[PDB]
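One structure is given here, and the rest of the page talks about it.
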Amino acid sequence: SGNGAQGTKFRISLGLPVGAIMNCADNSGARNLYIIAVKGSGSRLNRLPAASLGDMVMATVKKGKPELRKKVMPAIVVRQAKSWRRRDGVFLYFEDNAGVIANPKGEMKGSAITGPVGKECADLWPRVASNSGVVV
Amino acid sequence: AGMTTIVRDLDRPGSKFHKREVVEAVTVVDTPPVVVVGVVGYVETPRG
Amino acid sequence: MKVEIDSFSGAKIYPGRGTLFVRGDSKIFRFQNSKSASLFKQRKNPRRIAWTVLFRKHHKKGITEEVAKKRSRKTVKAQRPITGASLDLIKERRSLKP
Amino acid sequence: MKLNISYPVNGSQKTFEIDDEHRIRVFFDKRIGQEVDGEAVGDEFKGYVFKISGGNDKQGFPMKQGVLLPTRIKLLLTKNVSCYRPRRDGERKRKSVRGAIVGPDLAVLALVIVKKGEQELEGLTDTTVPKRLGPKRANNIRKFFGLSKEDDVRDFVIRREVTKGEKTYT
Amino acid sequence: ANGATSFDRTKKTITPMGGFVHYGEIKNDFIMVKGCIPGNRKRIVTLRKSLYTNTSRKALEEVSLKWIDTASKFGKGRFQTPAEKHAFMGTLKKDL
RNA sequence: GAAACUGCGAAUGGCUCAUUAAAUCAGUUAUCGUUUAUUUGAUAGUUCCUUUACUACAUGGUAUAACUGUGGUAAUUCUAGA
RNA sequence: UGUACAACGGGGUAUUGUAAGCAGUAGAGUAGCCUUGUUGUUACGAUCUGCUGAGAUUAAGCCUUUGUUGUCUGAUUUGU
RNA sequence: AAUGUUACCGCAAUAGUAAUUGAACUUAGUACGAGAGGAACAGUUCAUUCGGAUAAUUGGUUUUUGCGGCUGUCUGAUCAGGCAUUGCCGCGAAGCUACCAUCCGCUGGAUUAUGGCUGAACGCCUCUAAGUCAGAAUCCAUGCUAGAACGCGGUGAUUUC
RNA sequence: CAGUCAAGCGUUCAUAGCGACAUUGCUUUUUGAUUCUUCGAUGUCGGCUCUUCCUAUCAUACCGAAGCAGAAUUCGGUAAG
RNA sequence: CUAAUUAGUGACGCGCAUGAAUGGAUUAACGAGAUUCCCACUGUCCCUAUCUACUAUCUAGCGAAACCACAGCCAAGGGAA
Ligand SMILES: [Mg+2]
Ligand SMILES: [Mg+2]
Ligand SMILES: [Mg+2]
Ligand SMILES: [Mg+2]
Ligand SMILES: [Mg+2]
Ligand SMILES: [Mg+2]
Ligand SMILES: [Mg+2]
Ligand SMILES: [Mg+2]
Ligand SMILES: [Mg+2]
Ligand SMILES: [Mg+2]
Ligand SMILES: [Mg+2]
Ligand SMILES: [Mg+2]
Ligand SMILES: [Mg+2]
Ligand SMILES: [Mg+2]
Ligand SMILES: [Mg+2]
Ligand SMILES: [Mg+2]
Ligand SMILES: [Mg+2]
Ligand SMILES: [Mg+2]
Ligand SMILES: [Mg+2]
Ligand SMILES: [Mg+2]
Ligand SMILES: [Mg+2]
Ligand SMILES: [Mg+2]
Ligand SMILES: [Mg+2]
Ligand SMILES: [Mg+2]
Ligand SMILES: [Mg+2]
Ligand SMILES: [Mg+2]
Ligand SMILES: [Mg+2]
Ligand SMILES: [Mg+2]
Ligand SMILES: [Mg+2]
Ligand SMILES: [Mg+2]
Ligand SMILES: [Mg+2]
Ligand SMILES: [Mg+2]
Ligand SMILES: [Mg+2]
Ligand SMILES: [Mg+2]
Ligand SMILES: [Mg+2]
Ligand SMILES: [Mg+2]
Ligand SMILES: [Mg+2]
Ligand SMILES: [Mg+2]
Ligand SMILES: [Mg+2]
Ligand SMILES: [Mg+2]
Ligand SMILES: [Mg+2]
Ligand SMILES: [Mg+2]
Ligand SMILES: [Mg+2]
Ligand SMILES: [Mg+2]
Ligand SMILES: [Mg+2]
Ligand SMILES: [Mg+2]
Ligand SMILES: [Mg+2]
Ligand SMILES: [Mg+2]
Ligand SMILES: [Mg+2]
Ligand SMILES: [Mg+2]
Ligand SMILES: [Mg+2]
Ligand SMILES: [Mg+2]
Ligand SMILES: [Mg+2]
Ligand SMILES: [Mg+2]
Ligand SMILES: [Mg+2]
Ligand SMILES: [Mg+2]
Ligand SMILES: [Mg+2]
Ligand SMILES: [Mg+2]
Ligand SMILES: [Mg+2]
Ligand SMILES: [Mg+2]
Ligand SMILES: [Mg+2]
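What follows is the structure, encoded as structure tokens:
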């Protein structure tokens, strides 16, 4: 997460280690996102960095507009499949993995977000909150 | 004895869950009254 | 604290209990346990599953005295005959003949 | 939450504000049309039976009898239906609606007195308001006064006094 | 109403339906401590006063329970009280 | 004569030329293959009941707007209870 | 030799998803006897419904028990 | 094993020892600066790496071969079952278990570097020579684990064929 | 890898940060030089796993310098927790 | 081609040292042949957890072998280093 995120996030179960591919959920022209890193993640011998809902990851676009492809850009995870747990005591999960491509500040590339978005993410990145429909 | 779950309102100014409910695990230990059968005095010595 | 209800079985879900699933169309499903959740993922249909609420409602099982009669009713019989019409003279004309 | 209560006998209405969720809690999981005994709600209301008629939640969406649920949905509402007033012939619209099962998310619970309790309520049983209009149609005049058609309705029609300056009319 | 609350109010003890698995009923006074404790069920345990004074703000919080789960731990418990069960399930072939 | 109900109109008009290549369109046909608000002209003595103790015809039924009053929502040509 | 201990039995808790049996105007239908049908009858038919959230299982490291039946002195060794 | 026997409750020599790093809010668009830019202490909320537990919850595991379902065959049919290296499938309690789950991780002192006080040597001057103040993820304790099977204390009862 | 002298570098200014000509050292994860041990046998490179140690310290604690206004950085001390 | 390729492929050729039955070039089909990428798949991995059988383990009976100068706690020193 880090730069440009207003607020702090409570720890949520890590669902997306490096190499995972998630649906691109905005209108930017990208079909998917290949995660090459997670911002703010730490270090342990052999451990894969993993992303959770609301995190900022570095990514490449595997399927999509050729102008988007062959380059590394920031993106924000807006949906998880792996069950996580909130402090209100519920274990919940979405039906897919999805994120939206963004600049380091947290500002979005595309004008809209298709599908639901997790509130943990909406609270974290204001620009995502803007462009979102149903939340949680 | 065992554990169970609790629901309570959290009072923690500044936290995202301030004034919100949280659900928490707790244990339960069975504690019938203890009974007093004696006293031991202890003195200090250079050996303890 | 709200106690929710399983969207398959119809069981009550107390806090911390069971699991929550957010579908692609943003419809939310709540299961009290992994049983209903699995059945649900199997596209089984609750109305065909004997122990479910939806099944028992549909097959009309033991509803009994819920369809029995009850007593709720009232009685009023009062008068405030017309506004601006000087109701003082409205109860005098109100004795009729028959 | 605010309680909006009506005495249909006198045509009286006054509201009430009930804090202390234990007192409110009597209405929870109760649908529309179910009666409620008063003493639990308060001491002021004791022996008062309350019919739940409806209400609005926060965000102001109205309850709709028959949906059950303790929540909101979005229905497709036709003519002659509640929480909809068509702007055009054959116009149906899809609108958010609150359930008919009472819950803490409600701003206001609308109630109707059925049986009176042992104590007089301030602006309800103590005051009465008149029916605005009287019988117009012939036999309706006959059936308000029970005239047994002989009696020549023209005398029995209601008359309202109005004053213009120093002129009082009828 | 050991397991009852200012908010819950229903008369019940902290003993779960069917009773604490591998233990019993808890018919005496008890300490309810947040989270988990070393050692296992039925084991002798010593509870000791803190060796220092915590400010911490996490300490000093004064809790008030809303609800205490009394449902069965021997399976997936669907019910707090036998009353609640009879309420939901209706009448069964043994019963009255 | 406000408001509202009822009725009628909002399917005309205006704009554009994207699709469309036996389609549209044009001249010429057909309905013994159909629907048609409206305008105009025509057109209705029969309606009940084992048919004397009889059916409201000097005319049968309520249920609603506007209105009054109590309200909800940050927010709309939102609307709830009485 | 007693809020004793055990084997059963009872009640709770929990898992599955409605037991066997019998019945039915449920059932694509099919045959056989004539008294050739103004439901003609005797049966058969995957399945379905009723009695039936039934039946089965549930401490082997679940809870509980006013009931039943039983058990309750064998061996060895130790001193400043 | 043996320092009478046996039991209970304790002491503590020595040995081990543990926590770690970041971000945000706020301070503050402040101090500083012509401007461009642009901090920190105190306070708050979270997180990383590590550790010790624990199974209320969620998830994984299934010979509960617990319930149900299925193929093939065998018991004349029925019921109820056998066989197929645990025949196969759905659910599945209990147990075990996961940063895939939850909880918990103490505070005193003495110091280093360094900055100082008083102050001679050397009538002046100097943190140093004598004396001395403040001081670090250091060190010693606190706390935590073991308990010397040749370290120890308090206490109970101590046999007759 | 680290010093001593200080001509120079650094607008001015040897030594903030550097530093020629020379010169004194330290180290034994370089490579050589040697051939002392093993040829009746001490299993080869790398990686994986895992523990411990060194400090010539990359980070983290507390400091002193600056050609340190702030921000950033550089030099140095106690430091291998 | 990849985020990134001492890999792969297509090109280039004064080619240390290609080249014509020392056979050169091409080549459908075939390969438990060497190599590269892609889809599916997955406990290979992140990161481990759980179950079955037979072992190990304890008992009765049965009962070998290798090896053995003498033997079996360390730090340093010197010493065939
Ligand atoms: Mg590795
Ligand atoms: Mg926008
Ligand atoms: Mg499970
Ligand atoms: Mg499962
Ligand atoms: Mg348990
Ligand atoms: Mg359990
Ligand atoms: Mg037109
Ligand atoms: Mg009506
Ligand atoms: Mg049944
Ligand atoms: Mg065992
Ligand atoms: Mg009995
Ligand atoms: Mg016995
Ligand atoms: Mg002796
Ligand atoms: Mg600011
Ligand atoms: Mg300046
Ligand atoms: Mg660490
Ligand atoms: Mg079976
Ligand atoms: Mg068969
Ligand atoms: Mg049969
Ligand atoms: Mg055989
Ligand atoms: Mg075989
Ligand atoms: Mg389990
Ligand atoms: Mg951990
Ligand atoms: Mg000390
Ligand atoms: Mg001085
Ligand atoms: Mg000093
Ligand atoms: Mg000194
Ligand atoms: Mg001196
Ligand atoms: Mg420390
Ligand atoms: Mg302490
Ligand atoms: Mg400690
Ligand atoms: Mg000892
Ligand atoms: Mg002793
Ligand atoms: Mg010189
Ligand atoms: Mg100078
Ligand atoms: Mg110069
Ligand atoms: Mg080297
Ligand atoms: Mg030699
Ligand atoms: Mg050699
Ligand atoms: Mg050799
Ligand atoms: Mg040799
Ligand atoms: Mg050898
Ligand atoms: Mg060797
Ligand atoms: Mg200068
Ligand atoms: Mg220093
Ligand atoms: Mg160390
Ligand atoms: Mg290459
Ligand atoms: Mg490769
Ligand atoms: Mg090539
Ligand atoms: Mg070549
Ligand atoms: Mg060459
Ligand atoms: Mg030739
Ligand atoms: Mg050749
Ligand atoms: Mg060829
Ligand atoms: Mg091949
Ligand atoms: Mg062995
Ligand atoms: Mg044995
Ligand atoms: Mg043996
Ligand atoms: Mg042998
Ligand atoms: Mg040695
Ligand atoms: Mg020596």
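Keeping their order, the protein sequence lines are chains A, B, C, D and E. In PDB author numbering, each residue's number is its place in the first sequence (first place is 1) plus 1. In PDB author numbering, each residue's number is its place in the second sequence (first place is 1) plus 50. Quick note: the third sequence, position 7, residue 7 per PDB author numbering, numbers continuous. Quick note: the fourth sequence, position 60, residue 60 per PDB author numbering, numbers continuous. In PDB author numbering, each residue's number is its place in the fifth sequence (first place is 1) plus 291. Just so it is clear, CB atoms sit at the ideal spot from N, CA and C, and this is done for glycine as well.
Would you kindly check if the distance between the Cβ of residue j and the Cβ of residue i is under 8 Å?
{"i": "A/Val58", "j": "A/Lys40", "result": "yes"}
{"i": "D/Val108", "j": "D/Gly42", "result": "no"}
{"i": "E/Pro307", "j": "E/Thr372", "result": "no"}
{"i": "E/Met323", "j": "B/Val57", "result": "no"}
{"i": "D/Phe144", "j": "D/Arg98", "result": "no"}
{"i": "D/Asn4", "j": "D/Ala110", "result": "yes"}
{"i": "D/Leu69", "j": "D/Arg92", "result": "no"}
{"i": "A/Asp97", "j": "A/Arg80", "result": "yes"}
{"i": "A/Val91", "j": "A/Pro117", "result": "no"}
What does residue i reach in chain E if we use C-beta pairs closer than 8 Å?
{"i": "B/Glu71", "result": "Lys357"}
To which residues does DSSP link residue i through a beta bridge?
{"i": "C/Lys12", "result": "C/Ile5"}
{"i": "C/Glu65", "result": "Paired residues: none, contrary to the question."}
{"i": "A/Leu34", "result": "A/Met23"}
{"i": "D/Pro130", "result": "Partner(s): none; D/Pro130 has no beta bridge."}
{"i": "C/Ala50", "result": "In the DSSP output, where bridge partners are listed per residue, C/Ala50 has none listed."}
{"i": "D/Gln13", "result": "D/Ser6"}
{"i": "A/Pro75", "result": "A/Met59"}
Three-state secondary structure (DSSP) at residue i?
{"i": "A/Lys83", "result": "coil"}
{"i": "A/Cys122", "result": "helix"}
{"i": "B/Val78", "result": "strand"}
{"i": "A/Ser29", "result": "coil"}
{"i": "A/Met109", "result": "strand"}
{"i": "E/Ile322", "result": "strand"}
{"i": "A/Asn47", "result": "coil"}
{"i": "D/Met1", "result": "coil"}
{"i": "A/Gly65", "result": "strand"}
{"i": "D/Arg72", "result": "strand"}
Going along chain C, which residues have a C-beta under 7 Å from residue i?
{"i": "A/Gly90", "result": "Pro15, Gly16"}
{"i": "D/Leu147", "result": "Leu96"}
Starting from residue i, find everything on chain C with Cβ-Cβ shorter than 9 Å and list it in chain order.
{"i": "residue 400 of chain E", "result": "No information on residue 400 of chain E is available, as it lies outside the stretch 292 to 387 that chain E covers here."}
{"i": "D/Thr128", "result": "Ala78, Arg80"}
{"i": "E/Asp360", "result": "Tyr14, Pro15, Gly16, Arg17"}
{"i": "D/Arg137", "result": "Under the 9 Å cutoff, chain C gives no residues; its nearest Cβ is about 15 Å from D/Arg137."}
So with CB distances below 8 Å, who are the chain B contacts of residue i?
{"i": "E/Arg300", "result": "In chain order: nothing, as chain B lies at least about 14 Å away."}
{"i": "A/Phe95", "result": "Correct list: empty, because the minimum Cβ distance to chain B is about 20 Å."}
At 9 Å on the CB atoms, spell out the chain B contacts of residue i, in chain order.
{"i": "E/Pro307", "result": "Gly52, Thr54"}
Run through chain C and tell me which residues come within less than 8 Å of residue i, C-beta to C-beta.
{"i": "D/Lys131", "result": "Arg80, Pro81, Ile82, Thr83"}
Would you mind telling me which residues of chain D sit closer than 8 Å to residue i, beta carbon to beta carbon, in chain order?
{"i": "C/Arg93", "result": "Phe145, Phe156"}
- Item | Residues in the stretch 9-27 of chain C having any Cβ partner in chain D nearer than 9 Å | none
- What residues in the stretch 33-54 of chain C have a beta carbon less than 7 Å from any beta carbon of chain E? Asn33
- Query: Of the residues that make up the stretch 53-69 of chain B, which ones have a beta carbon closer than 8 Å to any beta carbon in chain C?
  - Reply: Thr55, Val57
- Message: Output needed in chain order: residues of the stretch 113-136 of chain A with a Cβ under 8 Å from some Cβ in chain C.
- Response: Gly116, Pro117, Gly134, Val135
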